[PDB]
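Descriptive structure summary
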Amino acid sequence: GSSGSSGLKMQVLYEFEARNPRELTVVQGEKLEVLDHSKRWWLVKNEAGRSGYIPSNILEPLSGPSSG
């Protein structure tokens, strides 16, 4: 893991709580990186290095000054 390939990044619109070893707890207003956005549930990771499943419903397209 190092500054390289630029995949996809998303933020948390609503805080969610995990209830399994596969899911990860996330808060609102947080910046996370997407890994697997294929299945109904998307997989993200945190700074700590932990990756868990989360509902894409709480994921928004981190807007930016990028032209368009």
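Quick notes on the rules
Residues numbered from 1 in each chain as written, not as in the entry; some residues may be left out. Heavy atoms only, no water. Helix = DSSP H or I, 4+ residues; strand = E, 2+ residues; numbered from the N terminus. Areas by Shrake-Rupley, 256 points an atom, 1.4 Å probe, with all protein chains shown as cover. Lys, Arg positive; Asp, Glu negative; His and termini not counted. Charge placed at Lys NZ, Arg CZ, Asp CG, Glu CD. 1 Å grid on protein atoms, 1.4 Å probe; cavity = no way out; pocket = protein on both sides within 12 Å on 5 of 7 lines; lining within 4 Å. Points joined across faces, edges and corners; volume = space filled by probe spheres on them. Nonpolar A, V, L, I, M, F, W, Y, C, P; charged D, E, K, R; others polar. Core = buried A, V, L, I, M, F, W, Y, C linked by side-chain atoms within 4.5 Å. Buried < 20%, exposed > 50% of the residue type's maximum accessible area, 1.4 Å probe, protein only. Contact = heavy atoms within 4.5 Å.

Going by the header, the method for this PDB entry is solution NMR.

The deposited PDB record carries the title "Solution structure of the SH3 domain of human hypothetical protein FLJ21522".

**With respect to the overall build of the protein**
Helix and strand counts for the protein stand at zero helices and five strands. Principal axes of the C-alpha set define a box for the protein whose edges measure 40 × 25 × 20 Å. For the protein, the exposed surface amounts to about 5,400 Å²; the carbon and sulfur share of it is 45%. Where the 8 positive side-chain charges of the protein centre and where its 8 negative ones centre are 5 Å apart.

**Some details on the layout of surface pockets**
Reported here for the largest pocket is a volume of approximately 160 Å³. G1, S2, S3, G4, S5, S6, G7, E33 and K45 are the residues that line the largest pocket. For the lining of the largest pocket, a count of residues per class yields no nonpolar, seven polar and two charged.

**Considerations on the nonpolar core**
With 11 residues, the main nonpolar core is built from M10, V12, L24, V26, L32, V34, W42, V44, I54, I58 and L59. Looking at this core, the elements with two or more residues in it are β1 (8-12), β2 (31-36) and β3 (41-45). Every residue in contact with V26, bar those within four places of it in the chain, is listed here: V12, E15, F16, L32, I54 and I58.

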